[PDB]
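Heads up: the structure comes next, in structure tokens.
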Amino acid sequence: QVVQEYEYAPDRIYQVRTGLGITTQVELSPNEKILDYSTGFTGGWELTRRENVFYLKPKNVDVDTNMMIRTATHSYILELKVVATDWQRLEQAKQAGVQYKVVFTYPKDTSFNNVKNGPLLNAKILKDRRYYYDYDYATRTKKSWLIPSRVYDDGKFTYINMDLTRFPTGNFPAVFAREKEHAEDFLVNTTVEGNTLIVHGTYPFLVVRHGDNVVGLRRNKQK
Amino acid sequence: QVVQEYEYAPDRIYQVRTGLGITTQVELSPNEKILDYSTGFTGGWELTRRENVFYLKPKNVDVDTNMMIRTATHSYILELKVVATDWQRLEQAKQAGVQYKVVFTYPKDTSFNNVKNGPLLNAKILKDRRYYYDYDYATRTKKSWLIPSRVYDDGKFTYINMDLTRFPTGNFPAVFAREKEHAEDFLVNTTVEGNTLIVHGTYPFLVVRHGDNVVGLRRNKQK
Amino acid sequence: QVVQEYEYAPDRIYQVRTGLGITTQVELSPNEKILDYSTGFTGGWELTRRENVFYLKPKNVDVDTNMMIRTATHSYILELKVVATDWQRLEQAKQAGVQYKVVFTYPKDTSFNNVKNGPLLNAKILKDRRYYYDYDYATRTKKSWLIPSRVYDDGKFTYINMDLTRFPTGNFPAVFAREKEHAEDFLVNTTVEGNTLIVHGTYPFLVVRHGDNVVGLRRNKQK
Amino acid sequence: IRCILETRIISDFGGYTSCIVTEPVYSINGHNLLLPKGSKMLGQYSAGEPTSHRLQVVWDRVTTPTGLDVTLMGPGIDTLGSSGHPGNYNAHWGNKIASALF
Amino acid sequence: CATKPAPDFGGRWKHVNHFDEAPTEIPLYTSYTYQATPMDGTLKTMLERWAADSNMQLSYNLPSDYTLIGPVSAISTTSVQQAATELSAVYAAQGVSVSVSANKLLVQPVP
Amino acid sequence: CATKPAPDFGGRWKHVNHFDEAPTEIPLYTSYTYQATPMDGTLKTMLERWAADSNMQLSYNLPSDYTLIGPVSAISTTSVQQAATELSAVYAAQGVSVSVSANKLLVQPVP
Amino acid sequence: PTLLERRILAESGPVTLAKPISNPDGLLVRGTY
Amino acid sequence: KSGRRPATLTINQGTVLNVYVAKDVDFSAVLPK
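So the sequence lines, in the order shown, correspond to chains B, E, X, Y, D, W, Z and U.
Throughout the first sequence, residue numbering follows the deposited numbering, covering 27 to 141, 148 to 255 in sequence.
Throughout the second sequence, residue numbering follows the deposited numbering, covering 27 to 141, 148 to 255 in sequence.
Throughout the third sequence, residue numbering follows the deposited numbering, covering 27 to 141, 148 to 255 in sequence.
Position one of the fourth sequence corresponds to residue 204 (the deposited numbering), numbered consecutively onward.
Position one of the fifth sequence corresponds to residue 22 (the deposited numbering), numbered consecutively onward.
Position one of the sixth sequence corresponds to residue 22 (the deposited numbering), numbered consecutively onward.
Throughout the seventh sequence, residue numbering follows the deposited numbering, covering 150 to 161, 183 to 203 in sequence.
Position one of the eighth sequence corresponds to residue 357 (the deposited numbering), numbered consecutively onward.
Below you can see the structure in the form of structure tokens.
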């Protein structure tokens, strides 16, 4: 109504409604470079551009025209109007129907739409997700501060939890992963929430390092 | 009606209908460079060009003329008119019959037309396509996560499907192809839809690699 | 009538009929460079040139004159007229008899004319062409996908056809030709229509290659 | 784009090549056939001393059987993806010895 | 030390344009064969594409879904009634009866 | 070490402008011979180009199509009636009768 | 001025393309021998 | 003089080559709608 979004479709007439003492900006995509533009009745519209945005303002009461923008891969046909000209209070131009900002949203192709329920990473236990609580640990020292408290996964993320090894304040490791037991480890993407270290992806083995001391983590095989 | 397409034929008179305070653009092909152009009654038409597009606008009520564009291999004869001149509301120029945009479509030669039913790659099973469900696999390890679930083809694309090896999230291979059993493999073009890897073309052998572990795929011979 | 072609003959008077607010272009040959030109009554004709094309327009109602163009090897005598001057609608200048474009066609010399029935390459079997269905093949492997389905010729083109080896999608060869059985092969010009490979010319031997596998093709001798 | 070579390349002067496409090339998502089965790719290379045993061709035009003329930028690669086409190196030690031994 | 040339052919010189002796009968009007692909995994997904490929409606009235087994891969019929009969002979141990009420498929437990 | 020249001829010196002794009779007015090429694969595609190359209509009234066999490659006649007779003698085992109703071809099963 | 009388007054590396092949009946294309 | 001769490498007339396309080509102005 005041800031209006349009969905980009090829060869569509987009209506831009302006007011007499009011800038209206149209905002194109930041991706493509604007080649050229041309409005009919040029001497009734003061418009300047800064690399993707056109600040439009009319100059008289009847300057209704079109404006056509042609980028490298898009083509816009704007239909410029003048809807508020006699206002004294700026709320009167709101009710007359001016548009302060115009932005374009760009959908993907409908052949990919042929190919949502909250976030994918949720550290709580949900009602409708399947969890796997079967993990081991192996390390040289018997009682270490590097042993995780609880390890599980939801099929997509492995949730290493370390919030019961309370004493050493500097106890936070770097988690790797490994395809066999004594193979060479590789790198994973991790996000963290408090004392829970969450590993993007389920692996057969996880390796947990804090210098010279190391804790392995086997996922046991599904019987 | 508003944005009109013309089909390019040699020596045809294309009618361009303009309005008095309205830009009309004609858009030629991006392929060829415009050599020259000349309109009759030059002082009644404000027209500028940006490398393939002419932004036309008249200057008075009776400026009807021709305009001839000559590119490197095409020749256009435009027939410029003025159809809306007295309008106050921009919908009145729509009904008078102005043309905001003019674009030209370029057909191929009719000797190649002497030489459609939906898309060629459809991962579902169609009613009127012939499928071949006879494929083998060979690998060193007995139960691997690299063994495909289902492999078939429609004569034109081979549909490797891997949506039952659910556990390792990083289980997605690179598919090669091979003309004999132990010959040297080569490269194929692949597109993917979810967990289905679709290989452009039917081959005697497919090779599926994820590092040090490899799974071969024989198409069995038609008895 | 509107776009008129003239046939170039030496020392002929070509009539160009113009209108008052209408460009008429004359188009000479792209081959030769224009040396000079001179029209009588120069101040009644606005004419500019771009390397072979003259955009003519008159300036007053009675400016009838000649114009003579002299290229490196051609000589034109144009007879400029003014036929539409009072028109308000551009269809009235069509009926008055203006010429939007003038192009010249250049025949070859009549001593070569002393020296047509459809196209020369037609992949179908025609009623009045003589075909030769006697060809052999030789290859190492017994059942290959490189063996052609049908090979014949019409005396001028050899029509290799491969539309029954259906399975391998990448089965399209490169055809060579050879004068003896085990001589050194050379290159031919080929055009293709679907799965038919058509070789320009009839040869004693054709060689069909797709890498390491090769299929020879003997034309058997006319008994 | 898999094609099979038609003109025998020899790296002496640098000239022009031509290979016939062998497998049809579809879109990014396979809805359309872009390059048909029997198109001709057209390229060219440059003269040089073959230090490495590979040659470098820049393929730059395809003319399809369905009446098209594309002007892509494609460097020629190996059949497994390595840059440059492998060839048969021949330092002419038969002629270098016999011209100076006799 | 010379250059290895291109491969060369050699063989028997069989003739290309060869008529056969068996007049293979190519059909012109082909109907739709109800059969069981390996792609559709379960019994419900197979009957959702028999109803879709024949313009019928599916009323699956079972509380659970069964996967396809070995003897399912023998049904090949251009008749919907003979294919629903051969299917219910396979899934008789689980109390699955599939029938056609002349415009739609019914999947109900056996009485 | 010198340069090898061009090849040189040598032989018997037979004379070029030689009249023969057999007056080969070149025909002037050639009719259309109904025959069977190897290109047209099936029986229907062969009769679609006999009707096209003679201005007749084809009424193919069989539910399926037959490929061309060995004894088809002996028909060579400038008469349409003698070629439809020799064709129906070949395809007698499959119940195929081809006849001409004076302006069109009829492909119907044998009574 | 009026509305009609004002509009008279106030107005007074390389590229990769895929185009159809041009005139194939008389084309001696790049790559004939 | 015989040290000024360069070495050659030949590629035979049947070998299966391969081309990596390195920029996008847009066929949308060609395909039927």
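For every residue, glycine included, the Cβ atom is placed at its ideal position computed from N, Cα and C.
Cross-chain neighbours of residue i in chain U, by beta carbon under 9 Å
i         : result
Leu196(E) : Within 9 Å Cβ-Cβ: nothing; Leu196(E) doesn't reach chain U, min ~33 Å.
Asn291(Y) : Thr364, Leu365, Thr366, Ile367, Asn368
Own chain, CB closer than 8 Å to residue i, minus 5 neighbours either side, in chain order
i              : result
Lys125(D)      : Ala72, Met77, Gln78, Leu79, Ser80
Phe67(E)       : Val89, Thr91
residue 191(Y) : The structure shown does not extend to residue 191(Y), since chain Y is modelled only from 204 to 305, so the question has no answer here.
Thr111(E)      : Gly45, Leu46, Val87
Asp86(D)       : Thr63, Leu64, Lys65
Partners in chain E for residue i, counting only beta-carbon separations shorter than 7 Å
i        : result
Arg76(X) : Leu61, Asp62
Under 9 Å by beta carbon: chain Z residues contacting residue i
i         : result
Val386(U) : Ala188, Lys189, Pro190
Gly69(B)  : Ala159, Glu160
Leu46(E)  : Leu153, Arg156, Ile157, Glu160
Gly270(Y) : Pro190, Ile191, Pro194
Beta-carbon proximity list for residue i, same chain, < 6 Å, skipping 5 on both sides
i         : result
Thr50(X)  : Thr44, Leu82, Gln125
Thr190(E) : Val231, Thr234
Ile60(B)  : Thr97
Within chain Y, partners of residue i - CB distance below 9 Å
i         : result
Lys379(U) : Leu275, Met276, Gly277
8 Å Cβ cut-off: residues of chain E touching residue i
i         : result
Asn374(U) : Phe218, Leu219
Which of helix, strand or coil DSSP assigns to residue i
i         : result
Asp195(Z) : helix
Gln115(D) : coil
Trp177(X) : coil
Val101(W) : helix
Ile300(Y) : helix
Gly70(E)  : helix
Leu219(E) : coil
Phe305(Y) : coil
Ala110(E) : strand
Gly290(Y) : coil
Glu211(B) : coil
Supposed close pair residue i, residue j - CB separation, criterion 8 Å
i              : j         : result
residue 310(Y) : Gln247(Y) : There is simply no residue 310(Y) to check, as chain Y begins at 204 and stops at 305 in what is shown.
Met276(Y)      : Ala378(U) : 5 Å
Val239(B)      : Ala209(B) : 7 Å
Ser230(Y)      : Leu238(Y) : The pair is not a contact, with the Cβ atoms about 10 Å apart (cut-off 8 Å).
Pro92(D)       : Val117(D) : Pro92(D) to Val117(D), Cβ: 13 Å. No contact.
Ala363(U)      : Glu252(Y) : 7 Å
Endpoints, beta strand (DSSP E) assigned at residue i
i         : result
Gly246(Y) : 243-247
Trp262(Y) : 261-266
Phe130(X) : 127-131
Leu158(B) : Careful: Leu158(B) lies outside any beta strand (DSSP E) and carries neither H nor E.
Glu117(B) : Unbroken run through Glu117(B) is the alpha helix (DSSP H), 116-122; no beta strand (DSSP E).
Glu53(E)  : 50-53
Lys83(X)  : 79-84
Interface partners of residue i on chain D, CB under 8 Å
i        : result
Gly91(W) : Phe40, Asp41, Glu42
Chain X contact residues for residue i, given Cβ-Cβ distances below 8 Å
i        : result
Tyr55(W) : Within 8 Å Cβ-Cβ: nothing; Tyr55(W) doesn't reach chain X, min ~12 Å.
beta-carbon residue i near the ligand MN non-hydrogen atom, thresh 6 Å
i        : result
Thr50(E) : In the structure shown, the ligand MN is absent, as is every other ligand, since no ligand is present at all.
Within chain E, the residues that residue i reaches when beta carbons sit closer than 9 Å
i        : result
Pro59(D) : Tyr165, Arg182, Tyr184
Proximal chain X residues relative to residue i, where beta-carbon distance stays under 7 Å
i        : result
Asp74(W) : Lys159
Bounding residues of the alpha helix (DSSP H) (the contiguous stretch that carries residue i)
i         : result
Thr66(W)  : 64-73
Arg155(Z) : 153-159
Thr136(X) : 136-139
Proximal chain D residues relative to residue i, where beta-carbon distance stays under 7 Å
i        : result
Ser94(W) : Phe40
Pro84(W) : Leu49, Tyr50
Close beta carbons around residue i, own chain, < 7 Å, minus the five adjacent residues each side
i         : result
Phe216(Y) : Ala250
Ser64(E)  : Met94
Beta-carbon neighbours of residue i, restricted to chain Z and to distances below 7 Å
i        : result
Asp90(B) : Near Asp90(B) there are no residues of chain Z at all, since even the closest Cβ is about 10 Å away, more than 7 Å.
Proximal residues of chain U, C-beta to C-beta of residue i below 7 Å
i         : result
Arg162(X) : By Cβ distance, chain U contributes nothing, its closest Cβ being about 32 Å from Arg162(X), past 7 Å.
Proximal residues of chain D, C-beta to C-beta of residue i below 9 Å
i         : result
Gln103(W) : In chain order: nothing, as chain D lies at least about 21 Å away.
Cross-chain neighbours of residue i in chain U, by beta carbon under 8 Å
i        : result
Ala27(D) : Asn368, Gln369, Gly370
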